[PDB]
Amino acid sequence: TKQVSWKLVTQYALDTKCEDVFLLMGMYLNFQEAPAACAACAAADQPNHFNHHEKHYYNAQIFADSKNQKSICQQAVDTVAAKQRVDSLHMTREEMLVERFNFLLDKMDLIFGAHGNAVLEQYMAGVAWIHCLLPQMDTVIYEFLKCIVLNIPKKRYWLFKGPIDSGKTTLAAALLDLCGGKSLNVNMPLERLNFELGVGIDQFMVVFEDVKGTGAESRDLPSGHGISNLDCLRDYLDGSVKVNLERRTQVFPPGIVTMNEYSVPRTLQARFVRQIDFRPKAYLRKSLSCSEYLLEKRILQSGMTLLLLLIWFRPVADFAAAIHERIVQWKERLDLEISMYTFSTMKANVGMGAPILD
Amino acid sequence: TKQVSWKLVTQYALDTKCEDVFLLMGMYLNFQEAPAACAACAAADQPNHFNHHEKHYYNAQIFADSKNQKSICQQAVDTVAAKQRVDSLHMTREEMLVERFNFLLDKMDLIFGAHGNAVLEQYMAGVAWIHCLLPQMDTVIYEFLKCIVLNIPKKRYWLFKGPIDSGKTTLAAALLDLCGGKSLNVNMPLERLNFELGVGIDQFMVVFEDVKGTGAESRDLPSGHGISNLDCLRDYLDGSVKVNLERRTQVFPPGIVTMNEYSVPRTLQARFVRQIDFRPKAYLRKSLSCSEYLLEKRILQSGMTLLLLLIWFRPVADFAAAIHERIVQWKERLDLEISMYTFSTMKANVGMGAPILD
Amino acid sequence: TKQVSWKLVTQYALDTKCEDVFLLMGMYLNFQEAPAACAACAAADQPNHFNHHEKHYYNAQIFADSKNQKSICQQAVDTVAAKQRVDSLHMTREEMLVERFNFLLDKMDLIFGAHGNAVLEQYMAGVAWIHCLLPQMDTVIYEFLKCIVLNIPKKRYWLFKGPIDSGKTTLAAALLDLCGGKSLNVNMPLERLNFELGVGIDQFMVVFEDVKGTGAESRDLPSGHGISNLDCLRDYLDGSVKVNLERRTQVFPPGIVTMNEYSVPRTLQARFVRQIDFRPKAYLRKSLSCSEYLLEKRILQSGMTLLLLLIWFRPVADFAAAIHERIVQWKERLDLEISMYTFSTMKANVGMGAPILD
Amino acid sequence: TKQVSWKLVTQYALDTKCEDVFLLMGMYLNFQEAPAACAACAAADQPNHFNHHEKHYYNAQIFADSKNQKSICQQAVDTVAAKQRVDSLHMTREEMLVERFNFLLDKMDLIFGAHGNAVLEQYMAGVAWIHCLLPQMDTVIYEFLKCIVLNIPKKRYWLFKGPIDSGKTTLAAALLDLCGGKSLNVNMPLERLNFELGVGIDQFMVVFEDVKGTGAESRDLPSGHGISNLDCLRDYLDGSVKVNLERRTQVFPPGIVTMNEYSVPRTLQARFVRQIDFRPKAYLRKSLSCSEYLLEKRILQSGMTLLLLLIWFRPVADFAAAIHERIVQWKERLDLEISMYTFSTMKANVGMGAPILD
Amino acid sequence: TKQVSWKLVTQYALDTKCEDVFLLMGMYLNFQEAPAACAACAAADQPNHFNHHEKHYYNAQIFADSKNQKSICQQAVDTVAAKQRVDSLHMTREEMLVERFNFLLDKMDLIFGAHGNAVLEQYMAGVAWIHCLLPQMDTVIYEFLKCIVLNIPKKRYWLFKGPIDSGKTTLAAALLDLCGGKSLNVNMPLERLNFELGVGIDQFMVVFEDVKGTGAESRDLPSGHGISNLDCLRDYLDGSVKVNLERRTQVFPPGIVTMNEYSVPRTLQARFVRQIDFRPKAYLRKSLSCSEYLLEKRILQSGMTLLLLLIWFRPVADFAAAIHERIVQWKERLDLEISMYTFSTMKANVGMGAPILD
Ligand SMILES: c1ccc(Oc2ncccc2-c2nc3ccncc3s2)cc1
Ligand SMILES: c1ccc(Oc2ncccc2-c2nc3ccncc3s2)cc1
Ligand SMILES: c1ccc(Oc2ncccc2-c2nc3ccncc3s2)cc1
Ligand SMILES: c1ccc(Oc2ncccc2-c2nc3ccncc3s2)cc1
Ligand SMILES: c1ccc(Oc2ncccc2-c2nc3ccncc3s2)cc1
Ligand SMILES: [Zn+2]
Ligand SMILES: [Zn+2]
Ligand SMILES: [Zn+2]
Ligand SMILES: [Zn+2]
Ligand SMILES: [Zn+2]
């Protein structure tokens with residue numbers, strides 16, 4: 001009998017950055033049918049499927065007859081975690097952000113392409129709104145990325161502080177996506193916290209989302225163990241030394257802490273290089289109600305939007321040389337659909353609390 | 001010696017959407033006896049058995065001699081979870097509702113068919129009662145389905161609020177079945193909650209059934225951690241971002257929250273696009289007591305009844321093209337047994353608190 | 001077919017002191033490509049890769065085709081833990097410190113070498129600052145190392161006591177790195193403590209980092225179970241007998257306890273042979289702000305810096321004979337870049353709170 | 001291909017009483033190199049290595065190529081636990097103490113031999129100090145050993161009661177080592193206690209080290225669940241019946257309970273056949289400060305010292321016939337280095353709080 | 001190569017009623033040496049070894065070379081648990097007591113035989129003391145055995161109530177041994193209790209040893225959850241129905257409950273068919289102090305002593321026909337060493353608080 005090439009199954013896992021055994025099992029199996037008569041190949045909308053179907057068709061036919069499908073898939077997913085551990089130690093943080101930028105760019109190529117469905121002018125309308133949320137937003141995003149790549153101790157955490165629906169969550173969400181980090185919850189007690197800080201292992205950045213304080217109940221704010229728990233994690237936030245995470249020994253990743261208006265202890269405040277104070281501007285919310293497509297299509301919280309922001313505002317030099325061809329081609333695509341004159345118009349419509357696109 | 005085709009066992013699992021190793025083991029084994037002399041084949045009431053017996057008879061004879069039955073079955077059930085992960089990412093939410101609609105329709109074909117036992121006029125009597133429970137109920141159900149398919153953030157949760165035996169539970173039950181979601185319990189403390197929110201992984205929708213509040217004990221209402229727990233799950237309900245579920249990383253599924261008359265916090269209230277206030281109407285309960293067959297046959301809480309409601313009221317265009325032939329044939333079946341004139345009569349009998357069928 | 005030499009995979013694990021299955025899996029796999037056309041070989045910056053690529057190229061080609069990659073890697077990592085248990089019993093504590101010194105020295109050879117990026121004069125600037133933090137710092141570090149090697153009961157624990165940003169943490173961090181120990185947390189309750197003291201198994205030294213007391217809340221100090229927990233661990237700290245650790249039976253390793261200004265019980269105070277009282281000197285902090293490169297490059301907390309301190313100040317006799325050639329060559333490298341005259345100048349700039357390097 | 005003799009790996013485990021899989025893996029592996037060119041063989045200081053290297057050289061060469069090293073080692077360690085269970089039932093308690101005495105004697109042969117480093121006159125200086133700690137100390141140690149071998153119910157527990165640094169801990173430590181028992185902690189709550197009493201399975205004796213009471217906080221004594229927990233363990237201490245230990249069903253082993261000056265309940269006091277009241281004598285501590293080598297070399301708490309005490313004081317008849325040749329030869333070794341006249345001088349120096357050796 | 005007969009290893013496990021994998025591993029291994037030159041065979045004191053050595057010598061030689069020793073032993077121990085489950089359902093309770101009686105009798109044959117060490121007149125001295133503890137003690141023991149065999153609901157529990165050192169514990173211990181039951185602890189909270197009641201699965205009888213009450217602290221009695229926990233276990237004690245034990249579904253075994261003088265609730269008191277009130281008689285304790293050999297040799301708490309009591313007092317008819325030959329021969333052995341005249345003398349010495357044997 002024939003024998004499955006585990007190495008080739010493993011190749012696909014690597015090529016698609018598959019961290020899911022089950023997803024790899026069903027994804028590989030869909031490759032057993034003939035590509036010449038394949039509808040998902042004809043549709044050309046799942047690159048993880050149409051770019052790989054011809055390469056894995058015979059191997060997937062063998063795989064379909066295996067008694068050992070999960071075991072083959074476990075080794076593959078394990079090779080992915082292995083490749084990840086290698087890079088977390090071998091790769092420079094700039095090399096890691098380029099790798100992330102390519103991910104968003106591949107996704108962008110697809111959804112804004114021939115077989116995609118997303119509308120670029122809608123995302124550009126989003127870029128405008130985002131650029132209206134803070135003064136020098138292009139520099140605000142750029143300084144954050146630099147902050148994360150450099151990852152300098154006591155100078156790698158940004159605190160987002162504002163009330164509900166003031167942009168803080170959305171910016172944190174969008175920045176987390178742009179970097180490709182993970183979101184943490186520190187409102188649980190010290191006991192369960194150690195396994196939750198483990199979600200930080202081999203991560204480029206992290207966002208401690210919606211950190212809650214105490215005694216602020218008199219202000220319609222929930223009491224939580226967040227600020228106290230974070231106050232303890234001095235070694236984590238500072239990143240002067242390597243911490244001992246459980247779920248590895250490494251410098252805890254840099255990122256963002258988001259919270260409502262709670263009192264920050266003197267000690268926890270000293271842990272932030274930067275504090276942005278988000279406040280609700282009536283014009284921003286009115287415009288969004290008038291531009292419903294943004295919320296409906298989850299555009300604002302997207303890293304693609306923030307990559308698009310940066311592609312629009314920054315020269316090719318402001319990006320890594322390994323991705324100059326990509327940026328350059330995306331700059332021409334933007335030029336086609338939008339001009340600096342019409343981009344300022346978009347922002348003007350935001351100030352007027354009016355629909356961003358006319 | 002002969003060797004079992006795991007692929008063919010796996011095929012059956014897929015074909016019947018089997019998520020149970022034990023059920024697949026006993027189901028496959030029943031196929032070892034000769035179909036020509038099979039009583040369950042002659043009875044033709046278990047489609048999962050009579051549609052598959054001829055295809056798996058020789059393989060099941062081999063399977064019956066295997067030392068590795070659970071392992072063969074585990075791979076099959078695993079292929080099912082795999083196929084599920086693939087779709088949760090690849091399939092459109094409309095494609096997922098059609099897949100569900102076909103499930104209810106296959107069940108309907110059977111129980112209302114030659115070998116079935118359920119009485120269609122009894123289910124139609126149920127459709128009437130359901131249509132009497134709310135103004136524009138056809139549009140109420142239709143708007144919910146659209147809500148779920150579109151799955152728009154801050155605009156994907158419906159709150160059902162009413163006292164005991166006022167229709168809220170039954171509608172939620174029936175809608176949950178129609179969509180094929182799961183039911184959750186948030187009255188437990190924050191600690192056990194995380195594994196319970198895991199019941200949400202790869203689900204089309206969810207119903208947080210019987211959410212309890214506090215201090216309402218003075219009103220014969222039980223105290224519970226429900227409303228507070230839900231108040232914390234802002235990121236879950238809104239679905240603006242991907243949450244981290246444990247039992248996957250995904251947008252938490254949309255659905256319904258059901259509760260008795262408890263005070264809803266300003267923050268938890270802002271999470272609902274729609275709030276339906278169920279109140280006990282004497283005529284509805286009297287009619288049901290007069291129509292005992294509905295409760296006895298679990299007709300009201302059935303998605304089949306709500307599919308039947310929609311087949312009765314909506315034109316073929318209001319359904320997906322992939323299921324037009326099915327709807328069309330079911331429309332002719334309804335025409336045979338019921339007329340618009342007699343359907344209004346059914347509703348008239350409900351208003352009179354009288355037996356729905358005469 | 002060909003068969004992987006597990007012994008050779010195991011060899012690499014030993015040679016690189018790999019305690020990580022995943023890291024060994026991805027590290028071995030990177031050896032499958034041809035060394036002659038290998039970019040990581042041409043770059044010559046990952047010694048764990050370029051020193052081993054030619055030796056493991058054919059074996060890694062076989063490994064790449066294995067179905068048993070994790071199992072092969074588990075045996076290797078297990079041989080490492082085995083080799084560690086052997087030494088913890090067979091090796092003299094001086095032999096263990098030399099082994100550690102070689103580790104820092106190999107790292108130093110690389111980062112200060114042809115393919116390295118670190119700047120030696122920056123680390124030397126760090127040596128200066130460190131030597132300004134305490135009187136007779138060379139003798140302070142030297143006495144600690146002797147303390148650890150000798151590991152004499154009731155005379156093997158040093159207590160670092162000072163406020164935030166006074167050098168205590170940094171010295172403890174740097175000394176921990178120089179020895180190659182682990183850091184512990186005793187602020188958790190007695191229950192979870194036993195598994196945390198397990199982090200001490202087969203360790204040369206340990207640092208109980210940031211031990212918290214009680215009632216000192218009136219002084220902006222957090223309440224913690226640290227001092228009480230440590231007060232109980234008399235048998236641990238003294239090291240007169242073998243304790244029973246869980247995660248082995250051994251003398252608990254010696255080291256440091258660091259704490260803010262909290263009251264030390266009479267009994268816990270008797271457990272320390274030495275107590276250094278760190279106090280914030282304005283000139284030290286001003287100079288560091290003026291020398292940002294130190295903090296940015298994590299130089300102060302490095303054992304490499306403290307090895308460099310000792311290489312600068314101590315004659316070849318003050319080190320073990322097994323590493324005389326290394327010390328001697330590093331002494332010539334330092335002579336080239338720095339003189340005693342310019343080293344005193346560096347210290348003079350520290351006293352002036354001025355940039356250490358001119 | 002060649003095949004490893006598991007039986008021979010198992011033999012080595014038995015021969016060295018190896019209860020550690022990892023230690024056996026690294027210990028066996030060190031035997032793969034040629035004994036003729038082996039430095040650890042030439043050094044002749046690790047009997048577990050030099051006595052076995054020639055016997056396991058070829059088998060270790062095979063072992064080095066095995067894919068199944070941990071499994072081979074697990075069976076070996078399991079044979080050790082098996083051999084232990086056999087003896088705990090088959091061996092007489094005198095046979096078990098001889099087996100222990102041989103262990104200390106083999107260790108003594110080595111460290112006081114050609115390749116050893118320990119100084120016998122230093123240990124003899126220790127014997128003196130120990131003999132000064134209690135009247136008729138030779139008879140005190142002898143009566144304890146008899147107590148343990150006979151293991152008579154309600155007459156097998158000795159309570160050591162004294163303040164910090166009064167000899168109680170050291171005697172308990174030394175006696176525990178002489179017998180080869182284990183140390184227990186009963187200051188934890190009843191819940192975790194059952195698994196901790198499991199440390200007692202197949203043990204010759206146990207020491208409940210540093211048992212704490214309550215309300216004695218007014219006397220600078222820590223509150224603990226020790227005395228109460230022990231008060232419950234009537235069936236354990238008495239040893240009239242077989243208890244049900246969890247980690248076996250057996251009589252709980254006899255031994256010592258050590259505590260500071262806390263009130264002993266009437267019921268817990270009735271459980272002790274003997275109570276020795278240790279009190280700090282200024283001369284004993286002064287002499288020890290003057291003889292630093294004792295503390296530094298962990299001589300006092302050693303069973304070797306107490307075996308040496310007994311070899312010095314007791315005639316060959318006072319020991320088991322199976323070890324008469326060993327005792328006799330050790331008696332000649334002592335005669336060479338020490339006389340009764342100079343031993344009394346050592347004790348005289350203790351009374352004077354002066355260095356024991358002149 | 002040769003292959004081990006697992007069936008024969010399994011045979012030995014059955015033959016010796018081995019419930020311990022490790023004990024079976026070391027016990028089987030001791031059979032590898034030649035019986036003709038075997039010292040344990042020549043000694044003839046371990047029947048589990050000398051009766052089986054010749055039968056398992058060749059198989060044990062094969063076993064010694066196995067890689068699969070624990071697995072072979074696990075199947076054997078499993079066959080024992082299997083044989084036990086079979087009997088718990090198939091065997092009559094009289095058949096189970098005979099099986100137990102044979103166990104004590106085999107042990108008696110050995111220790112009172114040619115190679116034994118126990119002195120029969122010492123055990124007979126014990127029989128006397130035991131017969132002095134209660135009026136009609138032969139009938140008291142006999143009625144208990146009948147009680148246990150019949151196992152009639154609400155009429156199968158005996159409550160032993162008395163203070164410390166009044167005979168209650170010793171009688172319960174001795175009766176538990178005679179029946180071959182297990183001892184339980186109900187002083188723990190309801191949570192851990194369910195796994196502890198699991199110790200009752202496939203048991204002939206159980207003793208809830210030292211059950212503690214509350215509020216009796218004013219009487220130097222410890223507070224405990226015993227009496228309350230037992231009060232809940234109505235279905236357990238009564239044995240009218242089958243309970244659901246966890247560690248099986250069966251009637252919970254009958255036995256004894258022992259407690260100090262605590263108040264028994266009306267409901268818990270109704271659960272006892274019999275209550276014996278043990279009180280300290282000065283003559284009984286004085287005699288025991290005068291007969292130290294009894295306590296030292298654990299004679300009183302032995303089932304062998306109570307079997308010996310019954311062999312002395314009861315005619316052959318009072319025992320099961322399957323063991324008449326054994327009883328008859330033991331009756332002749334007793335006749336040889338003791339007469340009714342000298343047995344009454346023994347009892348007379350007990351009343352006088354004098355040494356039982358003259
Ligand atoms: C409904 C509910 C909420 C809405 O607002 C938003 N929803 C989703 C994401 C962001 C926003 C807003 N961001 C800002 C930032 C600054 N000033 C005001 C706002 S509002 C809009 C409609
Ligand atoms: C016994 C117990 C309960 C009953 O009522 C029901 N039982 C089962 C399901 C639903 C209902 C009702 N729904 C409504 C909705 C609106 N007004 C009144 C009702 S009563 C009927 C009989
Ligand atoms: C910002 C934040 C903190 C800073 O100080 C430091 N940071 C990192 C590591 C060490 C220090 C200091 N060590 C000492 C020792 C003695 N006197 C004063 C100091 S300050 C400097 C800038
Ligand atoms: C430092 C710290 C403690 C010291 O004492 C000791 N250390 C280690 C072990 C034992 C002792 C002592 N044993 C006794 C017994 C009776 N009277 C006095 C003592 S002191 C000595 C120096
Ligand atoms: C020491 C400690 C205790 C002792 O008594 C005992 N020891 C062990 C087992 C039983 C007893 C006793 N049983 C009874 C029964 C009735 N009256 C008095 C007693 S005394 C004897 C010595
Ligand atoms: Zn395709
Ligand atoms: Zn059939
Ligand atoms: Zn290379
Ligand atoms: Zn050697
Ligand atoms: Zn024998």
# chains A, B, ... in the order shown; residues from 1 in each chain; ligands from 1
call {"tool": "residues_around", "arguments": {"residues": "residue 271 of chain B", "least_positions_apart": "3", "cutoff": "8 Å", "atoms": "only C-alpha atoms", "output": "mmCIF file with N, CA, C and O atoms, in the first residue's frame"}}
result
data_model
loop_
_atom_site.group_PDB
_atom_site.id
_atom_site.type_symbol
_atom_site.label_atom_id
_atom_site.label_comp_id
_atom_site.auth_asym_id
_atom_site.auth_seq_id
_atom_site.Cartn_x
_atom_site.Cartn_y
_atom_site.Cartn_z
ATOM 1 N N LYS B 154 -23.484 44.739 18.155
ATOM 2 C CA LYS B 154 -24.301 45.561 19.072
ATOM 3 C C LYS B 154 -25.729 45.470 18.576
ATOM 4 O O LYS B 154 -26.625 46.117 19.132
ATOM 5 N N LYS B 155 -25.941 44.685 17.503
ATOM 6 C CA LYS B 155 -27.218 44.559 16.825
ATOM 7 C C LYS B 155 -27.555 43.100 16.491
ATOM 8 O O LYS B 155 -28.276 42.821 15.529
ATOM 9 N N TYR B 157 -28.244 40.780 19.492
ATOM 10 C CA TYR B 157 -28.877 40.181 20.666
ATOM 11 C C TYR B 157 -30.255 40.725 20.931
ATOM 12 O O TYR B 157 -30.468 41.941 20.951
ATOM 13 N N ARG B 234 -19.353 41.921 27.714
ATOM 14 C CA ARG B 234 -19.658 43.012 26.792
ATOM 15 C C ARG B 234 -19.106 42.600 25.427
ATOM 16 O O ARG B 234 -19.790 42.733 24.411
ATOM 17 N N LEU B 237 -21.303 39.533 23.868
ATOM 18 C CA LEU B 237 -22.587 39.956 23.319
ATOM 19 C C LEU B 237 -22.482 40.879 22.133
ATOM 20 O O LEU B 237 -23.226 40.684 21.182
ATOM 21 N N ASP B 238 -21.610 41.909 22.198
ATOM 22 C CA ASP B 238 -21.430 42.891 21.121
ATOM 23 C C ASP B 238 -20.925 42.237 19.847
ATOM 24 O O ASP B 238 -21.508 42.446 18.790
ATOM 25 N N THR B 267 -25.946 49.492 31.159
ATOM 26 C CA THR B 267 -24.878 48.898 30.352
ATOM 27 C C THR B 267 -25.290 47.580 29.679
ATOM 28 O O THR B 267 -24.971 47.377 28.501
ATOM 29 N N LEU B 268 -26.009 46.701 30.407
ATOM 30 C CA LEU B 268 -26.495 45.433 29.847
ATOM 31 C C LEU B 268 -27.675 45.643 28.882
ATOM 32 O O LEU B 268 -27.830 44.884 27.924
#
call {"tool": "residues_around", "arguments": {"residues": "residue 305 of chain A", "least_positions_apart": "5", "cutoff": "10 Å", "atoms": "only C-alpha atoms", "output": "list in words"}}
result
residues 104, 108, 120, 122, 123, 124, 125, 126, 127, 128, 130, 174, 175, 177, 178, 298, 299, 300, 310 and 311 of chain A
call {"tool": "closest_atom_pairs", "arguments": {"of": "chain A", "to": "ligand 1", "cutoff": "12 Å", "atoms": "only C-alpha atoms and all ligand atoms", "output": "CSV"}}
result
residue,atom,partner,partner_atom_place_in_ligand_line,distance
A:126,CA,ligand 1,9 (C),11.0
A:129,CA,ligand 1,15 (C),9.0
A:130,CA,ligand 1,15 (C),8.8
A:131,CA,ligand 1,15 (C),11.1
A:132,CA,ligand 1,16 (C),8.9
A:133,CA,ligand 1,16 (C),6.2
A:134,CA,ligand 1,16 (C),9.1
A:162,CA,ligand 1,16 (C),9.6
A:163,CA,ligand 1,16 (C),9.6
A:164,CA,ligand 1,12 (C),8.3
A:165,CA,ligand 1,12 (C),4.5
A:166,CA,ligand 1,15 (C),3.6
A:167,CA,ligand 1,15 (C),3.8
A:168,CA,ligand 1,15 (C),7.4
A:169,CA,ligand 1,10 (C),7.8
A:170,CA,ligand 1,9 (C),6.0
A:171,CA,ligand 1,10 (C),9.0
A:172,CA,ligand 1,9 (C),11.4
A:173,CA,ligand 1,9 (C),10.4
A:174,CA,ligand 1,9 (C),11.0
A:277,CA,ligand 1,16 (C),10.8
A:278,CA,ligand 1,16 (C),7.1
A:279,CA,ligand 1,16 (C),6.0
A:280,CA,ligand 1,17 (N),3.4
A:281,CA,ligand 1,17 (N),3.8
A:282,CA,ligand 1,18 (C),5.7
A:283,CA,ligand 1,18 (C),7.1
A:284,CA,ligand 1,18 (C),4.7
A:285,CA,ligand 1,20 (S),3.9
A:286,CA,ligand 1,21 (C),7.2
A:287,CA,ligand 1,21 (C),8.5
A:288,CA,ligand 1,21 (C),5.8
A:289,CA,ligand 1,22 (C),5.3
A:290,CA,ligand 1,22 (C),9.1
A:291,CA,ligand 1,21 (C),9.5
A:292,CA,ligand 1,22 (C),8.3
A:293,CA,ligand 1,8 (C),11.4
A:294,CA,ligand 1,8 (C),8.8
A:295,CA,ligand 1,8 (C),6.2
A:296,CA,ligand 1,8 (C),9.7
A:297,CA,ligand 1,8 (C),11.3
A:298,CA,ligand 1,8 (C),9.1
A:299,CA,ligand 1,9 (C),9.8
A:300,CA,ligand 1,9 (C),7.2
A:301,CA,ligand 1,9 (C),8.0
A:302,CA,ligand 1,9 (C),11.6
A:350,CA,ligand 1,17 (N),10.8
A:351,CA,ligand 1,17 (N),11.0
A:353,CA,ligand 1,18 (C),10.3
call {"tool": "select_by_dssp", "arguments": {"residues": "segment 168-215 of chain C", "states": "strand (DSSP E)", "output": "JSON, numbers by chain"}}
result
{"C": [182, 183, 184, 206, 207, 208, 209, 210, 211]}
call {"tool": "residues_around", "arguments": {"residues": "segment 33-39 of chain A", "least_positions_apart": "2", "cutoff": "9 Å", "atoms": "only C-alpha atoms", "output": "ChimeraX atom specification"}}
result
/A:29-31,41-44,50,53-54,57,60-61
call {"tool": "select_by_dssp", "arguments": {"residues": "segment 168-215 of chain D", "states": "alpha helix (DSSP H)", "output": "number ranges by chain"}}
result
D: 168-179, 190-196
call {"tool": "write_last_selection", "arguments": {"atoms": "C-alpha atoms", "output": "compact mmCIF listing (two decimals), in the first residue's frame"}}
result
# COMPACT_ATOMS: atom_id res chain seq x y z
CA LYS D 168 16.47 18.79 69.31
CA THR D 169 16.34 19.36 65.52
CA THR D 170 19.95 18.12 65.00
CA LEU D 171 19.35 14.96 67.08
CA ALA D 172 16.11 14.23 65.22
CA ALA D 173 17.88 14.94 61.87
CA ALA D 174 20.82 12.68 62.83
CA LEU D 175 18.61 9.89 64.14
CA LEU D 176 16.38 10.09 61.02
CA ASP D 177 19.51 9.74 58.85
CA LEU D 178 20.90 6.84 61.00
CA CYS D 179 17.63 4.90 60.50
CA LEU D 190 -6.55 18.07 57.36
CA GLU D 191 -7.35 18.18 53.60
CA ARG D 192 -3.72 18.04 52.21
CA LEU D 193 -2.53 15.98 55.24
CA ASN D 194 -3.67 12.56 53.90
CA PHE D 195 -1.24 12.69 50.88
CA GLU D 196 1.56 13.97 53.19
